[PDB]
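Listed next as structure tokens: two forms of one protein chain, kept apart as structure 1 and structure 2.
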Structure 1
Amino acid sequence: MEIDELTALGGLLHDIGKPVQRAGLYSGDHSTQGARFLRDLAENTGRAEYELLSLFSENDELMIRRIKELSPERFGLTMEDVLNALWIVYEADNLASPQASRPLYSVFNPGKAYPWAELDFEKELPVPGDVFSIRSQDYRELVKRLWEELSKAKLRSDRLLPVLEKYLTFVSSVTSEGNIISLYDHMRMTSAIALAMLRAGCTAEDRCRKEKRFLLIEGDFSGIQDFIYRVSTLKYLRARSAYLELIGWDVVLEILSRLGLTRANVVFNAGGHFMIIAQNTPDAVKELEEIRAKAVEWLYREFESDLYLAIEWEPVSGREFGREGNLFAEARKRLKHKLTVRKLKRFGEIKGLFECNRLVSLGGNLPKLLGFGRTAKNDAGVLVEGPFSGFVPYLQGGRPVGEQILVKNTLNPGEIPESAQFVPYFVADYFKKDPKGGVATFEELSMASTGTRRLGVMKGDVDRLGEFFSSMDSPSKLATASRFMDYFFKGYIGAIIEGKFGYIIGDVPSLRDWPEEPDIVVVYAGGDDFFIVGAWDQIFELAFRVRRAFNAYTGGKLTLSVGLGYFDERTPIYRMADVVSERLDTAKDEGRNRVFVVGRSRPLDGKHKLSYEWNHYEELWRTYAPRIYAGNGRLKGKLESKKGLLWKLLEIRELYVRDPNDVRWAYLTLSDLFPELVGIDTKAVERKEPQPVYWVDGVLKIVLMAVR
């Protein structure tokens, strides 16, 4: 052990007394009961480091002696070192900032609460629901698996974080009413803040609190879609999206390495947007200025002015991690400004400014790969290179290679060497498999559609997220907000595609029975954002499935906007991206919480929106589809020999689009079918809204595609 690993693991276990109190195993408070748990665990297996780490959960007279009894020489630590490690972690616990039956209340809707369960994307979707007390049994079953895992863990921050994440994710860090913060997040943030204070070179201070000894480090990529899309195949396009992820990780892990920090210091890293808490020593800002420049120079040489990385940082004090009358949002706002300016000075860190086959193999070797190894660039097996490291694909049979191993969609290392640092990375990587073992193609997906053979595209984004995050008070609140948000796209979109959460989703607009292996391929999904292609009819339905899943996942408190596209399978990817983009930021431009279902004619009188409110379209489908649509590409049959009355309404709606004030569409109008459309709706004219006829095309045009 050295002081730096002790201060990390220190703040990372300070409040592990909470789960053991709430189990009722010892007879004390969390600080006392936490001390007993780790000492009892230390003796079991026989690793004395846990008895060193038990001092954190607790005039200074008694404590100096309890430190002395644990001979500090043993772990190559000074007595005076450990005393700071303790005091440092004590301050950290306060900056990241009552029954014992209370559950974790949802950061999205603090009115609703999470049922006690362990983070597993395979089983069930976390839905904030009715407030239920968690039994002291569930906490005991928790504390034992938790005890069994710490027994086998290698006692580095990267082996401890994952097991604290798996079990303590759905636990209230404090058992107050409307408590928003996951315990794991409070633990990783105290470890982050504590280690930052250490590197800042401050000790025995009660100084670091009211002096700018910290750094907020927000890194943001500009022109992500100008990098991923705008290509000359899907296998490739996925490796583009996958290559962007490794580049970002190569930069983050480099920052953590050179500043001497741990993954706990990563507040978030999703959608190519990463934040890091760190020391404000000059060596740090020098090490930062070195990295930022060497990274940009690599990006320029490798891709020209297509992909830029805007990295900025602000000197921040302990005050500004907390609220006084909201300083934390204020510190993030001043930093977002530093970024906006750096994004208007793209490649300004180059003075010489004003004077890939590897992805195909990566795209081909993509189905059976567990992760990648972060080695030096010149090393055997290196398939792709980032600015700072070569990346070695890690396959089911082979050994991993390198200082860091990046492993996909698990929080358990598996069989990786004891010395190798474990880096869990989650990604929404669903894809329909071919007759061949490889991922499907635009052609095959398009062929597998009900009716018309178009490729389906949807670009989806969360409405007013920036506002939601700037309303967070403390680092730990942002951490829970960040992680839960990111895990919906990176974790659960996979399950939502598979056909899970049937009861939570319910009856959505649909054309066929939901398949077992759906014709869907995820391109990008992470940090409030997703791009997904597949059979148009399966893509159309998934839009409503994802919107409902998200409605339930949030407390009906956050909304999506989605743009849908139904394209000729031969249309190039860059043209598809611009149209769904055009359709997405239209759906946002026409208000938010709405979907661009299909392209449409309309009056340009500024009273007629192309986009539909999710609830508006869902009502229209429920109303009209069942009268005219039987399912699986077949009509009601009363309609057989009358597929013509539907086309006639689309022509009647067109003479409402010619002029909505001309009362001829009343003249033109079995007639039972659609009685809502024959009358000249009056409240609509009073309220200054479109006539019912204007809206129906959204349903009919989708049915007529399914039936052709």
Structure 2
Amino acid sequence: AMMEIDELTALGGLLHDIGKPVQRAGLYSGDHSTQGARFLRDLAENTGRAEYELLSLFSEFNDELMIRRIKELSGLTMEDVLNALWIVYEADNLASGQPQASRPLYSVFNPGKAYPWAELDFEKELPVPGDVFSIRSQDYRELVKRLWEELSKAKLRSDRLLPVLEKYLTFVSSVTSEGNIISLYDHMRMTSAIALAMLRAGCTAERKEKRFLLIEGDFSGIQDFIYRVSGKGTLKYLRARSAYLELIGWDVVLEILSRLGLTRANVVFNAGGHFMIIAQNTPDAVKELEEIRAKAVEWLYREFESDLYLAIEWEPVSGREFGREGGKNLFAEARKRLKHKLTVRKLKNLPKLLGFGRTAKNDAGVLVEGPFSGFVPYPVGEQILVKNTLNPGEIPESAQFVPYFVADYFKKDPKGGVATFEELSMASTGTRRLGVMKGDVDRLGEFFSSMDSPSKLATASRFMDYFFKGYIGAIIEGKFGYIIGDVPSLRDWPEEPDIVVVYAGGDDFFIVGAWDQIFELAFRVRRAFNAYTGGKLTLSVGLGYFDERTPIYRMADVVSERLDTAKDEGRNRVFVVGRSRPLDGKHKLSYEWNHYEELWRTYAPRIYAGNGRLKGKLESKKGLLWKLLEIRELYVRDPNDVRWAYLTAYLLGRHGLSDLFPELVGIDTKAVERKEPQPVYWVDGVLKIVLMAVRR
């Protein structure tokens, strides 16, 4: 039952700073060192063996004091303790290198803003960095109150303590200083990872060497593998090949963790096929890193080939290359080299599924095969990929709890299934067209270069994944209404939204559904993502409204190209709908987020009354709307001509509505001197959406 050296150094570095949150509470006294060991020495007495008694040493720290304190306690042979001791202390400096105590965690997205005291919940708890408000010890006490009962309930192993230290110590600062963006969990996460790594590199206690590895693995034709197959099909399949990539990813990762004997703490992240792990630089490691790779590159060939391929590379880095020396980002510069190898070689469903169980490849009863292992739709056996949760509750036969989050929301088809393309479009408002949204985060890669430590990396990457894989579901189901506020809408948000996510991630998200529920959702995500990142990180989104019975890849290239246009036009934008324009390099197609939302808010209430209805004053005058659009088409052919204003003046008088649209009737030279175009140009993106919401 206990204890190994590749579980003492890990869990030791995993709990080396467990004394901080209890020090920020009212429990013990002295520094976090004393209170942490005092917490673990007491936890050994709490519903369990005398286990954490020895684990308390890592948080307990002089050289006279340490050598005559290990004897009192144990097997290790009084040998594997002193060596595992100094290792942990160095990992912290490698992780990140009178403060306060009530200082809140600040946002990695916005250092000027901090996270208000709220529990971690992907439902009804969207994290919003606000003004700096100090934290009371009473809130830490009731925090530890849960942290006390869960650390005791959960078993003593990495797959058990990692999610508990993550479930509670996420939105708490690691170092109480003004501007600290390093999460507590992420801080003590790599301290386990880096320590375990260097121990494998032969870093027994006695300085800077090449005994450290930094491996990253990712695929290539991911998008061309999901929605560009050309085989019925369809929607259900899009999700299937999406829910397959998640298995292939971990599979390749969980094979690395086993063979090299690592933990999930070494895994910085792993989602949608993109992952990066921290390992050690040894000839043993490389030998099986090449072994795993060589066969990983050989398996997709005999299954998908010629379809998709995997690219895994690793760069030998040094221990000092983890921070800043004289204003030099040694870490990102090392991360830069690693990213180069990838790009270079890149050139060359519905029933009860709570998760997957990693089995032996020869065993049956599975649902699909993998590169190194099979998977059973769910308890068996050792490693089980449990979905969207932090709680295991399974056999204690060394069952490696592997939690994974994924955006897998879908409109539920009757008799318990997944809605199809026609089921999403039939629930549309007005015209019955299918809605397709696609986009990414503006310059997400350059955000990974601003950081300087592995700590900031783990925090920024994890928070990132929390949105598109966690909080995106509560957004789609229609929550966080106060934060998001009023948004462009064709209707009120349904009981169960007609929205299906093929896949969602910061790098790219593909979501389909009812066109009017796709339109509004595009703004709900933005305003949330703006608030989630403090308004520091933005999105680009292309919106398509195609026919129900139309090939997905054909209607994917369009949205992807509409997306490219939004990026090409400067990056924060939304491509609502395709439209005509004058070609002079002055009129853009995509809308700016704040711009379009103001246009909707100002113009839509003039004509639209909600839920497929127009305002009362717009009765028997449906012809006015599109006839005001054709007048705009005149502007399209010649802007510098008041052919649009004169006609958008008396046509209203014929119908007796000379009060509305004061910007389309009058001339606006005031905007001409700004190089910008007329308000009549943009008004179609509001009229057409309303019109297709009231057709038939």
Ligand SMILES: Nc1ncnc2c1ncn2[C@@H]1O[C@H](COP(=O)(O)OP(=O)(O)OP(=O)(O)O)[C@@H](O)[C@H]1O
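Between two forms, the rigid core is the largest collection of C-alphas that superpose within 1.5 Å. All residue numbers here follow the sequence of structure 1, with the first residue given the number 1.
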{"item": "Identity of the form deposited without the named molecule, given as 1 or 2", "value": "2"}
{"item": "Option from 414, 129, 631, 223 moving between structure 1 and structure 2, CA shift at or above 2 Å, rigid core reference", "value": "414"}
{"item": "C-alpha of residue 527 moved at least 2 Å between structure 1 and structure 2 on rigid core", "value": "yes"}
{"item": "Shift of residue 676 between structure 1 and structure 2 at or above 2 Å (CA, core fit)", "value": "no"}
{"item": "Core-aligned C-alpha movement of residue 662 between structure 1 and structure 2, 2 Å or more", "value": "yes"}
{"item": "Backbone CA shift between structure 1 and structure 2, residue 435, after core fitting (angstrom)", "value": "2.2"}
{"item": "Once the two forms are fitted on their core, CA shift of residue 653 between structure 1 and structure 2 in Å", "value": "1.7"}
